[PDB]
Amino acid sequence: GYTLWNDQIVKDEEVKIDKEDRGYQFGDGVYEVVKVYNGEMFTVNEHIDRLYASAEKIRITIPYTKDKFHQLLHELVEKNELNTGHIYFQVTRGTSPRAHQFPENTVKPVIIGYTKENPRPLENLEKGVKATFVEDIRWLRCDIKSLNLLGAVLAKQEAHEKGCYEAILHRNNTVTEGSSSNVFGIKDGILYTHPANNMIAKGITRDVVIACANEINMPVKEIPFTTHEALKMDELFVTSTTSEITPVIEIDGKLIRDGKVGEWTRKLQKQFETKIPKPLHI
């Protein structure tokens, strides 16, 4: 198909990554994933804002404005003729002879973006999924969505091998987030989740779900909870751009309540659905 390369949408074959691209040697870069529904991008501006915020945290200067980045994503969706799926885009410090310290400010960051056709996870949304607990051994700046994703890779692989969908990470027995999602717990009609500090990524879907809870008049408490407390929740679910609101019904062979999707998860899902881009008559 076509790939965004810096500021040009070019055929995939034209793209050339250099061996000393800092993203290849130090994982020196940041990324974002945006869901596209029937041709329209969901919450694109929030993701672009976060891309800039992550880049800014590690002192990378994106050479163009948010408006130009947005136009390029639009063009990218159109050229690839993406119906339902997602856009993946990343920015690295640039190509420079291998050295740990930042290169001279004359080095231009490398931007890469591409699309993939991928359906909404129907079965998962309806039946819920199994999860497993994995110790969070990642670095202390999890608030930065960088390319240093080796801990997440190891965690997801561990979940996958046990037949689970997601690994629920925990630092010092406190549940932080999943390897590629945020974690939510429901107890007596109250919504709980780890606050957005350096221990987790402040997911866009996480914010959309909290906004949804406020809308259905559901109390939200951003307080962390332990593994022991999670297993005692009435409901539990994970959120991500691609997972939306995916119910977790079992953790390591222990059912969350009766092993069925809860009433509040369902409500939150119905409210989330009103935000997804759709026509008016088609």
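Residue numbers run from 1 along the displayed sequence.
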| item | value |
| --- | --- |
| Residue stretch of maximal mean CA temperature factor, 58-66 vs 241-249 | 58-66 |
| Stretch exceeding the other in mean C-alpha B-factor - 36-44, 216-224 | 216-224 |
| Peak C-alpha temperature factor (PDB record), options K187, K145, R138, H100 | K187 |
| Residue with maximal Cα B-factor (values as given in the PDB entry) among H86, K156, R120, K108 | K108 |
| Third of the chain, ranked by Cα B-factor, where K116 sits | middle |
| Cα B factor band for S96 (lowest, middle or highest third within the chain) | middle |
| Within-chain third of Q71 by Cα B-factor, per the entry | highest |
| Cα B factor band for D207 (lowest, middle or highest third within the chain) | middle |
| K127 by Cα B-factor - lowest, middle or highest third of the modelled chain | middle |
